[PDB]
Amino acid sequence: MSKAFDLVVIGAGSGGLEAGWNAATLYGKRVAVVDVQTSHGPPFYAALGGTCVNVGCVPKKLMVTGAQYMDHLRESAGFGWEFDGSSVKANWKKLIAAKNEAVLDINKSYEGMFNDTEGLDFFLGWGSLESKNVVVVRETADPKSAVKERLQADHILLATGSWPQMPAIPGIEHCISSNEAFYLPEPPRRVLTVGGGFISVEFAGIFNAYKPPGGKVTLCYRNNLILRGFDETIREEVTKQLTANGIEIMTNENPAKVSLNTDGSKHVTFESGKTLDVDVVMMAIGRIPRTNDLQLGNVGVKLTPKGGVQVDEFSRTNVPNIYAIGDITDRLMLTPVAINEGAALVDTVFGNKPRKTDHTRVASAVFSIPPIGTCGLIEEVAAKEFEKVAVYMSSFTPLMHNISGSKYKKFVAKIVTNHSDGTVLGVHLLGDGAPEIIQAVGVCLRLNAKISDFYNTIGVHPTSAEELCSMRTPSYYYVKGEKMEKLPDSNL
């Protein structure tokens, strides 16, 4: 009578929701959506709305913003502003509440989105894969828990997202991930964030601003330079500026074991013998695709070398009617990229207008203090797949920071082109504005903009973004992998 579902979706995250909406309202298809909670917070943290809405994008931005105010208050003095210095109090409990209320606002809107949209229904519980055309809902992630629904399905979309990767050292239970940090009752006086990823950096600034008096935020990384994957010079600069803002950046170090002290504080011993005491140890060493609770072996879905789900240029798997998008693919773990993959999966199946999502020249940010904006390739990657590479550099200390009292906040801007046709292959910004600036840059790369298009454009003065139009000559080259300043006069 009620049949199956033209589509069932496991995980109502960024990608999950964009696929079920574009199907119930765009194609009148029957759609079901299974997620393990309706509201943010423990025990599962991620809930209806995805990691982005509950324990990612939205709440992180709000908290970084609040953390920027530490710098604002300090810098206002250069501009003549005075107020009781010792009376300032960073109320963490007040910040988390404001955040929680914002997140729950989104939790409810989606909560109502389902209650007035026929063909779109929400099922609370854990979704495991039974047959190649049946999804199993259970009260818990345990494959042997009570069943509450069995959703007959024509198409099945896997959008369970990703999960924080934890190492195998003794005492790892005394550690937290990005998940639990959003819900600390009090701001930790001493915090150690492990790893060099954008998550460890972004939370280091947040903890650094809301820490009570006498606090030290220590960030450790097992290799030499943090923020592996981002442009080189931006890496070393951000390291310098994090140090300036009081954060101890402790490189070439890896925790080896953690214990509890007589007062509940964590005692951390490293692989190099050095010990450090902290109130909170946060693991941000990577995110793995979330596939264990899915029982993907019951149908024989294939996984890549990394624990991720394998797919093609259309998000299809080996099983004929099973698709996967979002962070479960182990590709570009970004929210707009999962919304693009999800919107693209639908109108290629339920709309016979096949259009796949492009995974290259994608804009991303890193709301650190200072923030980062990137798009396209970095110079050392362009080298390994391009004849002649040109690099445009420029690192002025911004206009206002001679007065502000923050001389260290050097703004950086790099452009990477194929020197053959001057086409821009990358754009890498460090400094306030980088995130908002790069967005419009992503449209340029989608338009195959050559460097001439940039410096021939009239600037908006006075801005930092105008520095992208002020670079007319390369600072060095990358020809057949080698890096030399002057470009040797020896053609062909």
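All residue numbers are counted from 1 along the displayed sequence. Rigid core: the largest C-alpha set superposing within 1.5 Å between the two forms.
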Note: with structures superposed on the core, the stretch whose C-alphas sit farther off in 8 other deposited structures of this protein, 81 to 89 or 67 to 75, is 81 to 89
Superposing the other structures by the rigid core, the farther-displaced stretch by RMS over CA atoms in 8 other deposited structures of this protein, of 205 to 213 and 255 to 263, is 255 to 263
With B-factors read from the PDB entry, the higher C-alpha mean of 307 to 315 and 372 to 380 is in 307 to 315
Looking only at C-alpha temperature factors in the entry, 21 to 29 or 466 to 474, the higher average sits in 21 to 29
Note to self: of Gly351, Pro187, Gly205, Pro336, the C-alpha temperature factor tops out at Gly351
Based on the PDB entry, the highest CA temperature factor among the options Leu219, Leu95, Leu151, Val88 is that of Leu151
Chain-relative C-alpha B factor for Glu130 (record values, thirds): the highest
Quick tally, chain-level thirds of C-alpha B-factors: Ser272 sits in the middle
In terms of its chain's C-alpha B-factors, the third that includes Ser76 is the lowest
On the chain's distribution of Cα B-factors, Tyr183 falls within the third called lowest
Here the Cα B-factor of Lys356, set against its chain, lands in the third termed highest
